[PDB]
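Q: Got a sequence here, can you build the structure:
(one chain, ligands or ions: 1)
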Amino acid sequence: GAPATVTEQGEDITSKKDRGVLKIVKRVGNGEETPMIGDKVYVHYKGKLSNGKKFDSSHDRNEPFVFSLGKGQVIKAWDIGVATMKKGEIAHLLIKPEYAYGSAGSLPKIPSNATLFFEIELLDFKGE
Ligand SMILES: COc1ccc(CC[C@H]2OC(=O)[C@@H]3CCCCN3C(=O)[C@@H](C3CCCCC3)c3cc(OC)c(OC)c(c3)OC[C@@H](O)[C@H](O)COc3cccc2c3)cc1OC
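A: Residues are numbered from 1 along each chain as shown. Dropping the coordinates below:
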């Protein structure tokens, strides 16, 4: 399924080329612009532990998930991954623990050393 496809086909978007954040594009976005650090971004998403024991969506609230890039609002993998996305893009990300919750984990949802999978749709972004 989607997580195994990212492992086999995903691009390594990390600087260190350690396969910590792997990406595939499921839908090409519009234009060329991608968001800057400090930009307010609006997404829909679905996330899961790569073994599927826990799941989370924005579609629960039926409202965008809003966060600002580079402000420490989200796991490091989201700052890296969303920064690469165009408006309208849908991407899949597979994330190693070093770019998410690490050895500490985050009880009760996230065990130590957890690989995460996300689908993210970048709806819009705006300047601070
Ligand atoms: C700067 O570093 C951080 C900043 C913030 C956080 C808090 C967690 C933060 O969630 C995330 O960063 C990612 C990406 C954005 C969407 C939510 N994320 C999750 O990891 C999900 C996971 C995904 C796999 C399946 C289980 C849920 C998430 C993790 C949560 O805690 C660890 C969590 O509880 C807070 C959560 C949703 O709740 C969703 C919703 O019920 C809350 O109302 C809003 O949650 C967040 C809101 C903002 C940021 C994050 C969570 C952690 C950070 O580093 C460890």
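Q: Now do the helices in the chain.
A: Counting by DSSP state H, the chain has these helices, from start to end: 2-9, 76-83.
Q: between those, which gets nearest to the ligand?
A: For the helices of the chain, distance to the ligand was read as Cβ to the nearest ligand atom. The smallest value, 4.9 Å, belongs to helix 76-83. Yep, even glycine has a C-beta here, placed from its N, CA and C like the rest.
Q: buried residues in the closest one?
A: Judged by neighbour count using 16 or more other Cβ atoms under 10 Å, the buried positions of helix 76-83 are 76-83.
Q: How far off centre is it?
A: For helix 76-83, the distance from its own C-alpha centre to the chain's C-alpha centre is 6 Å (Cα atoms, centre = their mean, to the nearest Å).
Q: swap in stretch 38-53?
A: Between the centre of stretch 38-53 and the centre of its host chain there is 5 Å, according to Cα atoms, centre = their mean.
Q: Adjust the sequence numbering to begin at 351 for everything that follows.
A: I'll keep to 351 as the first residue from here, and by that count the last item is stretch 388-403.
Q: and for it, what are the contacting residues?
A: The list of residues contacting stretch 388-403 from outside it, by Cβ atoms under 8 Å, 6 or more residues apart in numbering, reads 353, 385, 404-409, 414-421, 432, 444, 460-461, 464-478.
Q: In strands, which of these fall?
A: Residues of the contacts of stretch 388-403 located in strands (DSSP state E): 405-407, 415-418, 444, 466-476.
Q: Quick one: name the residues of this structure near the ligand.
A: The interface of the chain toward the ligand, taken as Cβ under 6 Å from any ligand atom, is made up of 395, 397-399, 404-406, 422-425, 428, 451, 456, 459-460, 466.
Q: quick one on the thing from earlier: out of the buried residues of helix 426-433, flag the one nearest to residue 373.
A: Checking the buried residues of helix 426-433 against residue 373 with Cβ to Cβ, the nearest one is residue 431 at 6.2 Å.
Q: how about that closest one, what does it touch?
A: Counting by Cβ under 8 Å, 6+ apart, residue 431 makes contact with 363, 371, 373, 441, 443, 445, 468, 470.
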